[PDB]
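So the structure is just underneath, and the comments pick up after that.
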Amino acid sequence: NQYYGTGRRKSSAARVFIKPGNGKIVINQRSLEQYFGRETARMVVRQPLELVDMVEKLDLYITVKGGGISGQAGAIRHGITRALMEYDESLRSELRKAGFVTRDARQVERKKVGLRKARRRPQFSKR
Amino acid sequence: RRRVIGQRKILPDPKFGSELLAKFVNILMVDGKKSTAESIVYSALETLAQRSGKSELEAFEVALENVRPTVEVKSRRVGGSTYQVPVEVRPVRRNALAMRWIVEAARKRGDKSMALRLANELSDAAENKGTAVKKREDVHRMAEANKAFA
Amino acid sequence: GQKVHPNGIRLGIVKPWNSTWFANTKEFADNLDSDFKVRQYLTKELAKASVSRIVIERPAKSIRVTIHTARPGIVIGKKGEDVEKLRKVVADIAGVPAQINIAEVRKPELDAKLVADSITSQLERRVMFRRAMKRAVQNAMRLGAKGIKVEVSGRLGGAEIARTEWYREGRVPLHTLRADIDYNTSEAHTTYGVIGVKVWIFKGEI
Amino acid sequence: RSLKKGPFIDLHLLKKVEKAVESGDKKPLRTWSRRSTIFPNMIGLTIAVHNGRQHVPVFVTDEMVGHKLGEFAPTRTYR
Amino acid sequence: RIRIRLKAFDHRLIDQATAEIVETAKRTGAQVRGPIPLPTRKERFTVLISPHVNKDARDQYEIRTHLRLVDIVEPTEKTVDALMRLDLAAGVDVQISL
Amino acid sequence: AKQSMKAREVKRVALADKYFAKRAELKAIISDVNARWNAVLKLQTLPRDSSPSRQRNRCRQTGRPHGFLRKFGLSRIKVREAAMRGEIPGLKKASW
Amino acid sequence: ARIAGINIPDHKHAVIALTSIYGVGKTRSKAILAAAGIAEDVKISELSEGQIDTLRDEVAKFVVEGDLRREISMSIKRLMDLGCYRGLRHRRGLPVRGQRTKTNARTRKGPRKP
RNA sequence: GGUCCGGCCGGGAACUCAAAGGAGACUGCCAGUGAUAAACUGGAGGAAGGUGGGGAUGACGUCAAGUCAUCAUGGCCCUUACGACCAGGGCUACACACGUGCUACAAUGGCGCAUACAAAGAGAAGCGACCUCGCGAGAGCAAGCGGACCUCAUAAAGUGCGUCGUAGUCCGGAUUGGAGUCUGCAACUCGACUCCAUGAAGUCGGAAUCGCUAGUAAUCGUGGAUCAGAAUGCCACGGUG
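Here is the structure:
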């Protein structure tokens with residue numbers, strides 16, 4: 004049947020549903036080419052897919068909504084890679100090698116009092 | 003200071019997939035607007051077709067050849083005064099450094115637009131032109147040219 | 002300055018709020034206000050009552066108010082004296098049916114407040130700071146407890162050069178949140194200056 | 003230049019100018035409210051303004067219609 | 005169906021205050037669709053520590069307003085009249101609106 | 002905070018109520034498109054201190070107008086103390 | 002050729018080059034072409050007598066060039082001759098709108114006099 | 001499954017999320033170095049390594065460092081007055097300088113149109129819809145929400161097309177004039193904003209100097225405290241990187 008895979012990164016929420024067959028991809032009633040296609044490098048979403056021969060393989064029905072392009076694209080990649088692992092729990096090594104199985108814990112940063120941007124300390128040419 | 007780890011593995015080009023070209027776009031990138039960088043260099047990188055007419059791929063490396071130094075200075079707070087003891091340059095920075103000169107000098111070219119102002123520079127690189135190629139000897143005139151301290 | 006409040010820093014864990022209740026921006030403004038008037042007053046007429054803390058519960062138009070004191074009887078009144086007065090004084094002060102339940106303080110030598118209000122009062126009694134500060138406070142170590150750090154501000158004794166004092170027993174790891182400590186202040190406006198004091202009683206660990 | 007509908011003027015000087023014209027003319031009338039506006043009828047009259055230290059003469063002109071009285075009275079000293 | 009809300013300043017009270025309903029207010033008469041947490045309203049504040057000067061001081065405080073819904077999904081009489089028998093909690097706003 | 006100052010405000014409240022708070026509403030009608042009677046505009050000057058804009062809050066505890074917060078009505082350090090002493094309900098250090 | 006006299010804006014879009022006149026702006030020079038039919042994408046040259054000159058018709062509605070400035074310099078003086086604060090500041094090259102003449106006001110006051 | 005295509009409606013507790021409680025990271029395990037110690041260097045397993053990232057937490061004391069101006073207070077002072085009330089004026093003055101900032105100097109751009117993505121937040125004298133007027137700020141009428149229900153809020157960078165083609169410009173906006181709005185007794189002095197016109201300096205900055213080691217610097221927006229109404233400041237959030 005189907006295999007779910009959460010996946011997320013940088014305030015993102017990925018939801019990819021892998022079905023056996025139908026290399027069609029849709030993200031929130033949109034094409035992976037009409038929502039991401041022709042962007043900065045949204046070739047990451049379908050990266051893990053092709054990473055193991057896709058298209059004429061299975062299906063991808065996603066529903067993401069969190070973070071900007073980069074992130075929203077990173078989340079899906081996480082959900083998908085996570086998902087495939089369900090259809091076959093003996094391919095973890097492969098996906099882990101690339102570094103998809105792991106999530107990008109590297110989140111944003113919090114500003115701080117005294118500073119001007121969490122790290123950028125105010126200048127004092129004269130000291 | 004004393005920290006000793008490894009280098010930051012960069013993500014390859016958005017197409018040819020090459021670290022050498024990767025950090026290239028980054029060094030060229032500005033205001034984190036990485037997108038523009040790609041759409042600004044990735045174009046001029048291929049616009050070479052009109053400038054030549056073939057599999058423009060090695061042209062990049064060949065163009066950098068005329069911009070690859072192998073000796074630099076390095077003032078040292080010794081002997082009371084300040085030395086200069088010039089030393090060569092490992093590959094890790096050779097390719098990198100060059101890329102800077104190729105871009106940091108391709109901006110002051112003052113042509114049609116950064117997209118093209120850059121393209122021409124590449125052709126001038128392998129054909130020796132612009133400050134990019136200049137900086138080489140203008141730098142070599144110190145190291146290997148003043149081994150008296152080296 | 003360079004120390005975090007050993008109490009507020011723990012207001013989250015191992016330390017309850019001496020005034021727990023809900024309120025919205027609307028009344029909250031005047032709410033904490035009345036609490037001050039009532040709390041400030043409850044001391045004025047009950048100073049020698051040897052009162053420790055003074056919690057203030059608030060369900061709905063009926064604050065509770067709990068006056069913890071080492072001397073309950075004196076805070077009770079002639080079988081209705083004190084109680085009635087206070088319980089009634091909370092009239093327009095809060096414009097609501099305010100009650101009042103007294104709480105007996107077990108071992109008045111381990112409670113910060115008291116051990117603080119006391120030493121300061123002794124100072125006002127023309128007494129050598131060192132003596133009381135040490136001995137008259139050393140007791141907190143005999144009735145139990147593990148560690149008690151005291152502190153007397155400057156201007157102690159005939160001198161214009163204010164000076165702080167140490168004197169501490171056991172261990173007072175105020176750098177541990179799971180430590181729980183009994184900290185409290187206390188002034189003493191004397192013939193000159195306001196010799197202060199700070200009590201740090203380490204009542205066990207976690 | 004900040005009233006849209008309702009050119010306000012300090013009543014203090016209001017009742018006076020209207021009183022002056024009533025009996026014709028006379029000497030200036032002490033005034034501290036500059037924030038008002040040089041009224042039309044005040045045309046060719048005498049007004050004063052407590053610029054902090056003392057007052058200042060004011061002789062309305064045809065043009066002086068909706069301008070602020072204070073404008074004609076300086077404040078700080080200089081040069 | 006009568007809806008109930010509980011907004012306290014922490015679980016130390018919002019807990020018992022809520023479990024009470026599900027236990028008492030919900031026996032057999034009242035239906036109760038279920039106890040939900042709902043998003044917490046976080047309101048922090050920054051105050052200058054030092055009295056005058058030293059801008060680089062400042063201290064950050066905050067008051068978490070914990071809330072709960074639950075609400076009974078059955079307007080009866082035998083069970084919908086056993087809630088008023090609960091008005092304790094020294095701090096648990098209970099907006100019993102419909 | 003001064004004693005005199007900490008008193009004026011008190012009054013600025015009363016008057017700004019016995020009048021404006023409910024009476025200004027009356028002239029607010031005419032002095033507004035409600036079909041701007043000059044008389045009504047002039048009558049607007051009957052008071053002075055009677056205004057909801059002539060109040061600078063001032064610390065509800067001490068009086069220091071600098072560092073106010075409608076929430077606690079206190080001023081910086083006051084909120085600081087009251088907070089550490091738990092005198093303020095549910096309010097501890099903020100860290101995230 | 003110059004419409005409102007002098008200055009021949011040539012080889013540029015209409016509206017964009019229309020503002021050339023010392024009196025109209027990005028909006029004004031635009032609002033006129035509408036009731037003139039003349040588009041913006043058309044270079045003044047591309048026009049014709051019944052195109053470029055027509056512009057010179059609905060332009061006599063507003064004030065421009067020389068006299069526009071004079072009429073203003075005088076109008077300014079009209080309120081400036083009066084002993085009003087504005088004038089007192091206008092005849093000293095000081096901000097009359099509401100800036101801090103106490104500092105930072107180069108373009109206002111003028112060059113530096115150290 | 002039914003669609004008045006919107007999870008709109010049954011329905012469904014799966015999923016995102018919410019938020020109370022739990023598991024997980026310890027040099028625990030593998031190998032090599034080290035005296036067969038502490039520890040280091042890599043490695044496996046994982047979502048996450050070697051105090052996971054960031055907060056919070058500031059020893060003994062120093063600078064007679066700062067604050068009697070928040071408050072408290074020894075001593076000294078003043079008291080038909082260094083007490084107190086009102087009006088107006090001043091703290092926004094200049095004939096220069098020094099520090100911290102914002103916006104530029106432009107095609108890694110402006111400009112038109114089109115259009116995709118986020119977080120954390122405020123709100124009964126409040127936030128204010130829809131709709132109507134006005135070029136516009138805003139006004140009239142008047143719902144909803146006292147809040148994962150509504151409102152302030154329908155992100156910017158970005159991407160598509162097209163343009164303008166390195167001139168002081170299609171750059172950049174200071175200044176000024178013309179006339180207007182909203183707060184509030186009242187905005188001359190001394191306010192925020194709108195429209196029209198004006199459109200300067202500035203073509204990247206000596207000597208010297210500052211911050212920044214990763215979601216960092218860089219840049220792009222979003223919110224909040226104070227507050228009737230004067231934010232490029234401060235506190236805070238997320239995008240790209």
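Quick mapping for you: the protein sequence lines, in order, are chains V, S, G, F, U, P and C. Residue numbering for the first sequence follows full-length UniProt numbering, starting at 4 and increasing by one per position. Residue numbering for the second sequence follows full-length UniProt numbering, starting at 3 and increasing by one per position. Residue numbering for the third sequence follows full-length UniProt numbering, starting at 2 and increasing by one per position. Residue numbering for the fourth sequence follows full-length UniProt numbering, starting at 3 and increasing by one per position. Residue numbering for the fifth sequence follows full-length UniProt numbering, starting at 5 and increasing by one per position. Residues 2 to 36, 41 to 101 (full-length UniProt numbering) make up the sixth sequence, in order. Residue numbering for the seventh sequence follows full-length UniProt numbering, starting at 2 and increasing by one per position. Don't be surprised by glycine CBs; every beta carbon is placed ideally from N, CA and C.
1. Is the beta carbon of residue 31 of chain U less than 7 angstroms from the beta carbon of residue 83 of chain U?
2. According to the neighbour-count rule (16 or more other Cβ atoms, all chains shown, within 10 Å of its Cβ), is residue 21 of chain P buried or exposed?
3. Under three-state DSSP, which class holds residue 69 of chain F?
4. Taking the Cβ atom as the reference point for each residue, do residue 185 of chain G and residue 117 of chain G lie within a distance shorter than 7 angstroms?
5. List, in order along the chain, the chain P residues whose C-beta lies closer than 8 angstroms to that of residue 9 of chain G?
6. Residue 84 of chain P touches chain U at which residues, Cβ-Cβ below 9 angstroms?
7. Counting only the same chain and skipping the five closest in sequence on each side, list residues whose C-beta sits under 6 angstroms from that of residue 189 of chain S.
8. On the three-state DSSP scale, how would you describe residue 42 of chain P?
9. Quick check: the Cα distance between residue 78 of chain F and residue 77 of chain P, rounded to an integer number of angstroms?
10. From G:189, G:28, G:182, G:190, pick the residue whose C-alpha is nearest to that of residue 204 of chain G; which is it?
11. Any contact between the stretch 35-46 of chain F and the stretch 63-79 of chain F? By contact I mean 3 or more CB pairs, one from each, below 8 angstroms.
12. According to the neighbour-count rule (16 or more other Cβ atoms, all chains shown, within 10 Å of its Cβ), is residue 18 of chain P buried or exposed?
13. Could you give the residue range of the beta strand (DSSP E) that holds residue 65 of chain U?
14. For residue 100 of chain P, which three-state DSSP category applies?
15. Can you grab the Cα-Cα spacing for the pair residue 31 of chain S / residue 38 of chain S, in whole Å?
16. What did DSSP end up calling residue 30 of chain V once you bin it into helix, strand or coil?
17. Between the stretch 68-88 of chain U and the stretch 30-49 of chain U, can you find at least three pairs of beta-carbon atoms closer than 8 angstroms?
18. Determine, using beta carbons only, whether residue 156 of chain G and residue 163 of chain G come nearer to each other than 7 angstroms.
19. Quick check: what's the CA-CA separation for residue 140 of chain S versus residue 65 of chain U?
20. Leaving out the 5 sequence neighbours to the left and right, which residues in its chain are closer than 8 angstroms to residue 12 of chain P when beta-carbon positions are compared?
21. Taking 6 angstroms as the limit between beta carbons, can you name the residues of its chain near residue 83 of chain G, skipping five residues before and five after?
22. Report the rounded CA-to-CA distance for residue 14 of chain P versus residue 91 of chain G, giving the unit in angstroms.
23. At what residues does the alpha helix (DSSP H) containing residue 57 of chain S begin and finish?
24. In angstroms with no decimal places, state the Cα-to-Cα distance between residue 196 of chain G and residue 119 of chain G.
25. Using only the alpha-carbon positions, how far apart do residue 3 of chain F and residue 112 of chain C sit?
26. Helix, strand or coil for residue 102 of chain G? Go by DSSP, reduced to three states.
27. Return the chain-ordered list of same chain residues with a C-beta closer than 7 angstroms to the C-beta of residue 14 of chain G, the five sequence neighbours on each side being excluded.
28. If we ignore side chains and look at the alpha-carbon of each, how far apart do residue 9 of chain C and residue 29 of chain S end up?
29. Per the contact definition of three or more C-beta pairs closer than 8 angstroms, is the stretch 3-21 of chain C in contact with the stretch 54-61 of chain C?
30. Using Cβ-Cβ distances below 9 angstroms, what residues of the stretch 61-90 of chain U are close to chain V?
31. Go through the stretch 80-145 of chain G residue by residue and report every complete run of the alpha helix (DSSP H) that reaches 4 residues or more, in order.
32. Quick one: is residue 84 of chain C near chain F, going by C-beta distance under 7 angstroms?
33. When DSSP labels each residue in this structure, what does residue 22 of chain G get in the three-state scheme?
34. If contact means a Cβ-Cβ distance below 7 angstroms, which residues of the stretch 109-126 of chain V contact chain U?
35. Which of helix, strand or coil does DSSP assign to residue 97 of chain S?
36. Counting pairs of Cβ atoms below 8 angstroms between the stretch 31-40 of chain C and the stretch 70-81 of chain C, do you hit three or more?
Taking the coordinates as given:
1. Contact flag set, yes.
2. It counts as buried.
3. Note: residue 69 of chain F maps to coil in three-state DSSP.
4. Result yes, Cβ atoms of residue 185 of chain G and residue 117 of chain G sit closer than 7 angstroms.
5. Neighbours of residue 9 of chain G in chain P, taken as residues whose beta carbon is under 8 angstroms from its own, are 88, 89, 90, 91, 97, 98 in chain order.
6. Within chain U, the residues near residue 84 of chain P are 49, 51, 65.
7. Within the shown structure, residues of chain S are numbered from 3 to 152, placing residue 189 of chain S beyond reach of any answer.
8. Note: residue 42 of chain P maps to coil in three-state DSSP.
9. Distance between the alpha carbons of residue 78 of chain F and residue 77 of chain P: 42 angstroms.
10. Out of G:189, G:28, G:182, G:190, G:182 has the C-alpha closest to the C-alpha of residue 204 of chain G.
11. Touching, yes.
12. Residue 18 of chain P is exposed by the Cβ-count criterion.
13. 63-72 is the extent of the beta strand (DSSP E) around residue 65 of chain U.
14. DSSP places residue 100 of chain P in coil when its eight states are reduced to three.
15. Approximately 8 angstroms between the Cα atoms of the pair.
16. The answer is strand: DSSP assigns residue 30 of chain V an E or B state.
17. The stretch 30-49 of chain U makes contact with the stretch 68-88 of chain U; the number of CB pairs closer than 8 angstroms reaches 3 or more.
18. In this structure, residue 163 of chain G lies closer than 7 angstroms to residue 156 of chain G by Cβ.
19. One C-alpha to the other measures close to 59 angstroms.
20. Taken in chain order, the residues that qualify are 54.
21. Excluding sequence positions up to five before and after residue 83 of chain G, its CB lies within less than 6 angstroms of the CB of 76, 77, all in the same chain and listed in chain order.
22. Looking at the two C-alpha atoms, the distance is approximately 25 angstroms.
23. For residue 57 of chain S, no alpha helix (DSSP H) encloses it, and the DSSP letter there is neither H nor E.
24. C-alpha separation (whole angstroms): 13 angstroms.
25. Approximately 32 angstroms, taken between the alpha carbons.
26. Of the three classes helix, strand and coil, the one that applies to residue 102 of chain G here is strand, per DSSP.
27. Closer than 7 angstroms at the Cβ level, and outside the excluded window around residue 14 of chain G, lie 178.
28. Near 47 angstroms, if we compare the C-alpha coordinates of residue 29 of chain S and residue 9 of chain C.
29. Enough Cβ pairs lie closer than 8 angstroms, so yes.
30. Those would be 61, 62, 63, 64, in chain order.
31. Whole alpha helix (DSSP H) segments, 4+ residues: 82-90, 113-124, 130-139.
32. Yes, its Cβ sits closer than 7 angstroms to a Cβ of chain F.
33. Residue 22 of chain G: strand per DSSP, three-state reduction.
34. Taken in chain order, the members of the stretch 109-126 of chain V whose beta-carbon sits within less than 7 angstroms of a beta-carbon on chain U are 116, 117.
35. Residue state for residue 97 of chain S is assigned as helix, using DSSP reduced to three classes.
36. With a cut-off of 8 angstroms, the stretch 70-81 of chain C and the stretch 31-40 of chain C do not count as touching, because too few Cβ pairs lie within range.
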